[PDB]
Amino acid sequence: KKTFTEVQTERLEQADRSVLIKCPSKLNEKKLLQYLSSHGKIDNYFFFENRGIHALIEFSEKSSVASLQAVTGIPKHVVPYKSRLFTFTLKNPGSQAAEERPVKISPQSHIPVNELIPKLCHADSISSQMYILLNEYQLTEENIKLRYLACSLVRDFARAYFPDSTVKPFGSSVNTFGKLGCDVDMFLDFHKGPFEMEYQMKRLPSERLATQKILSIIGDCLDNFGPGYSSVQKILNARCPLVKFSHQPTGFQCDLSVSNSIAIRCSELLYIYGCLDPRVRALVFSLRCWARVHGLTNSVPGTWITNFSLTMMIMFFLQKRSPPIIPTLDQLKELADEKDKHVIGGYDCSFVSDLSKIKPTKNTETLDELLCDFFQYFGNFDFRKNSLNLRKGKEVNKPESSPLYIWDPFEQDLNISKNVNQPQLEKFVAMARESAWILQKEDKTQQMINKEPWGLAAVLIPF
């Protein structure tokens, strides 16, 4: 089985030797690939629709990019920054010499709620509803390659002066809980004679200020040299210095931070839980959707619960099952060799990487029960006295006054849901309580017969 870190390395290596080609108006697929193949073998490719037809081409060898860049020219007022974004037109527009087939468009966004509801209503069980949702919403192989490519393009800027750099995606994009249309969270990562011979190199300041200057410049580069980047927003003074930007070629909204290797460990953690049992993913997607539908989450930050916080609450829920659906963080820590040992900023972030080594769950609860039980469980959870600990998998006394306390499983000084206020917590608790009520006391078979919402769909519409 593929370990998180193996998958990152592979995906990055693939995106490394990938390019984006704005295709001709009247397009011939075969002639294009035949032509491109002349520069080297093509492992994968696909087409998508983003203000015209674009194609992602993944070569087998990185040299194929160089080869292809050789024959590529500048449109003779531009900034001559040469990246892996191409525009292909015909030399002789009047030499079209084959039948026109239509190309398959890989979708890059999910169907909206209003269209999803019908499909859910026409399913058999609530279990199947959640799996329909999961399939309609989850990242596709294509979308993923496109996410890693975005990172790969941003990497190329940074390497100008930090040659060993990488830009690594973290968060929902890579932890199996990613849905179509979600943002790409990126962080920039940096790691004889009679003479001692050293390069002269400019010293940097302390961590935080170096970060700020590096991002400020890279931001400006994206804004001024980089094709496709718009709405570049420097938020350098946050707790984690950050640059936000929109990347039009791939259509992703993006977040670029520096060197937070703790967040990665948690992204790997969530990846494990996501990979362990398909019910885990199914449940997160439906409940993330639920939260959005009732206005418990928001696109902008504030007093609301966040998807990440909500996700962690769901992980705690699954830890508490009889028997558990997923092990505690400590239980993974207990199975970690010294090769899986990582200590970062003083904090232990050690846990098993190999998935085979984990004892598969004996739990057999259906998603029907788990969904309603989630609403029941947190609807009757004493938030004022108890806090969520994912290391121990137990309710414990709150170390601090905060309406909703969830123990940051790595930087254990912290409350990840610290932002949440009492009002929003209560609106969450009331929605859970109403939600659980609806599922318990609804007459399923009659709703189907009446052409009405039931199960998942019933709770995925405003009250």
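Start at 1 with the first residue shown and count on from there.
- In the deposited sequence, the stretch from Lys76 to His77 hides 4 to 9 residues that have no coordinates.
- Unmodelled residues of the deposited sequence between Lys104 and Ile105: none, the chain being continuous.
- The mean Cα B-factor in the deposited entry runs higher for 116-124 than for the other of 175-183 and 116-124.
- For the segment pair 150-158 and 380-388, the entry gives 380-388 the higher mean B-factor, averaged over Cα atoms.
- In the PDB entry, the Cα temperature factor peaks, among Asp164, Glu141, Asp255, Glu334, at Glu334.
- Comparing C-alpha B-factors across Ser246, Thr311, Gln212, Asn298 in the deposited entry, the largest value falls on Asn298.
- Among all modelled residues in this chain, the alpha-carbon of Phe59 has a temperature factor (C-alpha) in the middle third.
- When the modelled residues of the chain are ordered by C-alpha B-factor, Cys240 sits in the highest third.
- Per the PDB record, residue ranking by Cα B-factor puts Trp437 in the middle third of the chain.
- Compared with the other modelled residues of the chain, the Cα B-factor recorded for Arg17 ranks in the lowest third.
- Per the PDB record, residue ranking by Cα B-factor puts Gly251 in the middle third of the chain.
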